[PDB]
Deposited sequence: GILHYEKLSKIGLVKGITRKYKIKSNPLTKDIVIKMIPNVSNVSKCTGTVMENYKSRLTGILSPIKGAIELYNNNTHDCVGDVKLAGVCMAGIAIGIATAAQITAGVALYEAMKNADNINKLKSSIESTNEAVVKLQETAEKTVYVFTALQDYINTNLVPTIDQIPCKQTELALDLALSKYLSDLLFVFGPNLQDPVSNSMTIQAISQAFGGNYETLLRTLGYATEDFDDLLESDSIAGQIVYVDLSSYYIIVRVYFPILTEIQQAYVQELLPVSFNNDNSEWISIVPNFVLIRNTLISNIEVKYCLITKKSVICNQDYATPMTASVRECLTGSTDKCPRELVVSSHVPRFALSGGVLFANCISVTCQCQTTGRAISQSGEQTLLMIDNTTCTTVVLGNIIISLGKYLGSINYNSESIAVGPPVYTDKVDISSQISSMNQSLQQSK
């Protein structure tokens, strides 16, 4: 690759798995209905004031979301035609989500004609014919719990306990719902809300939601774990207590001439001390351009790095030069923890710090020795066919690089400290020196 792997390997940074870059795109939209209140028609004998109190509590949660949705519904018309003077302040994502909301209102209007049928649902999952060809699924929360726990036990227990059990179930449902659908949800007009978060209105059963929707594909689990499947609330009903959610199932596009290269950090010896290299562990290479990538927001598999959006971030010229060969530009940090890697395997070849760990060859019985002028030792089956590292015995391959690897040395970079307080102290010391300098 573009990176100088041979020079990188001598300061740790052993070449790891090469993964292709995938980003979701081209979503397909399906509409579902989540009914936030169960049907207690069959336990209504002693529901008491529990349902009235629950409806009063749920109206206060659903009302701000509805108001924020009609804020964009009222100011979007047909020339998608948005009035910026009434909207006032919005971001590009908010305006795009408003456009998507306007597009979804066409189907929401057809769905809303089945309000009585939605009210009459008495099962957790039901199918309704929105049109002659389109079917809408209604997902009722706690309906399964009521049907399988409260209906069979109405006449067995004093149903004053059924009222308390129903009250506790509704409040526990609200307890899990409040983190996602509460005041934290200040921007319901957005398509970045994952289906897992939306499923909290259905008890967290996004598996049931997606399986019922019939979304079958090879990349289903990858899309789920990359947070690429998203839902958007397009309508809120305060009389029947249900929401219409549009689920956007996209497909993964492999970015052409793009891959993510992983570097395995290995401690190396320098100046009679143990060091580690402070460089990005994951490097994104698009065409011939080298840049950082925030892989913590992505899904990392053994074959590809999967993200819901482009997470590329800039890279300094010094770090780019370090990755392209200038090993003197690579920052390094002292090693004081005993639990730090000291060897790694790449292409059947072992890169080990044989000063911190004991390297012994099984073929000859003689220990492999590392001098004080060598940072790492490259052990292939030319040096000797089988090396022993304590309880580990490994058969080695042949190195595809230079034959004088262990004879040719390099230069090491400047030591650094990556702790927050240490960074602040370094900045202070450098400023107290720079004031004298200038």
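According to the record, no C-alpha positions are given for deposited positions 80-87 alone, numbered from 1.
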